[PDB]
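Structure record follows, encoded as structure tokens.
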Amino acid sequence: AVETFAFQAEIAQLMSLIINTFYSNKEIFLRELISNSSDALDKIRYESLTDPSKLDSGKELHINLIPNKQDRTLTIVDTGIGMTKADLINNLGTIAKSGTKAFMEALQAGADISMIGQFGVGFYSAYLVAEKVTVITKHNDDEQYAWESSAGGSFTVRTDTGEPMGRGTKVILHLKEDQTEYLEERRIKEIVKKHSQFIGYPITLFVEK
Ligand SMILES: O=c1[nH]nc(-c2cc(Br)c(O)cc2O)n1-c1ccccc1F
């Protein structure tokens, strides 16, 4: 069973702004997704400090970057706290209506799209480079769910029958045809070194055969 939801009008407007605005500095999407993974890893670590059983679903706290040139996908995997179905539906765990309002006021006053993370809606920067995004997630308190959207005002949620993850989130970016530089090892290494140098978890860039 696949459930289709409409985005809140303000989030659909955020997504169209990201897709339509001429903005060359698209590489910041990766910093934003790694930042969200770091935050999710911090959340499960914090819960584990008082309840070690929180890590029964996996003790390793890490981030993997998996490019696949055949599928034209870049996957960002983390073993953080994950998201429940309600978190996915509620804008992937954000207060995105108020974040979008603040971001749009900042843009009108001179900010630029790279500042999106300061408004707590950095996930949507994925649409600078992806035509479709799939988010697979597993939280200790819920089942494994797949969220997906190609923008256009809607998203889907379903229970995922695919490869079980113990706990965490996988963001699969189905890249736009002209954004394949983000599958190149040297380009990803450059972006991680430039923008993600103070992330306190191992970031492993996988290589391809
Ligand atoms: O909580 C939680 N869990 N999980 C999650 C996620 C998401 C996303 Br979109 C991404 O990319 C990743 C991840 O990991 N989370 C969150 C949300 C928001 C913000 C922050 C944070 F951490």
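In each ligand, atom 1 is the first atom listed, and ligand 1 is the first ligand listed. Counting begins at 1 with the first residue of the sequence.
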- Item | Test side chain to side chain contact (heavy atoms under 4.5 Å, CB included) applied to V192 and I34, step by step | CA-CA 9 Å; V192 171; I34 290 173; 4.2 Å; yes
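With a 4.0 Å cut-off on non-hydrogen atoms, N36 touches ligand 1 through its backbone as well as its side chain. With a 4.0 Å heavy-atom cut-off, ligand 1 is reached by the side chain of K43 but not by its N, CA, C or O. Heavy atoms of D39 found under 4.0 angstrom from ligand 1 belong to the backbone as well as the side chain.
Under the 30°/60° scheme for interplanar angles, the aromatic rings of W147 and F155 are found to lie parallel.
Scanning the protein for heavy atoms near atom 7 (C) of ligand 1, the closest one is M83 CE, 3.5 Å. Of all protein heavy atoms, the one closest to atom 22 (F) of ligand 1 is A40 N, 2.9 Å.
Within ligand 1, the atoms closer than 4.0 Å to a non-hydrogen atom of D78 are 12 (C), 13 (C), 14 (O), numbered from 1 in the order shown. Near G82, meaning under 4.0 Å from any of its heavy atoms, are these atoms of ligand 1: 2 (C), 3 (N), 4 (N). Close approach to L92 involves these atoms of ligand 1, each under 4.0 Å from a residue heavy atom: 9 (Br), 17 (C), 18 (C). Counting the atoms of ligand 1 from 1 in the order shown, those under 4.0 Å from a heavy atom of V171 are 11 (O). Counting atoms of ligand 1 from 1 in the listed order, those under 4.0 Å from a heavy atom of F123 are 9 (Br). Atoms of ligand 1 found under 4.0 Å from any heavy atom of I81, numbered from 1 in the order shown, are 1 (O), 2 (C), 3 (N).
Summarising the local packing, CD of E163 is surrounded by 12 or fewer heavy atoms from other residues, nucleotides or ligands at distances under 6.0 Å. Heavy-atom neighbours of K69 NZ from other residues, nucleotides or ligands within 6.0 Å: above the threshold of 12.
Under 4.0 Å is where a charged nitrogen must lie from a carboxylate oxygen, and between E3 and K85 at least one such pair does. Taking 4.0 Å as the cut-off between side-chain N and carboxylate O, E190 and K193 do not count as a salt-bridged pair.
Exactly one of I188, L65, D78 qualifies for a side-chain contact (heavy atoms from CB on, under 4.5 Å) with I203. That residue is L65.
Side-chain contact, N91 with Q8: a donor N or O sits under 3.5 Å from an acceptor N or O.
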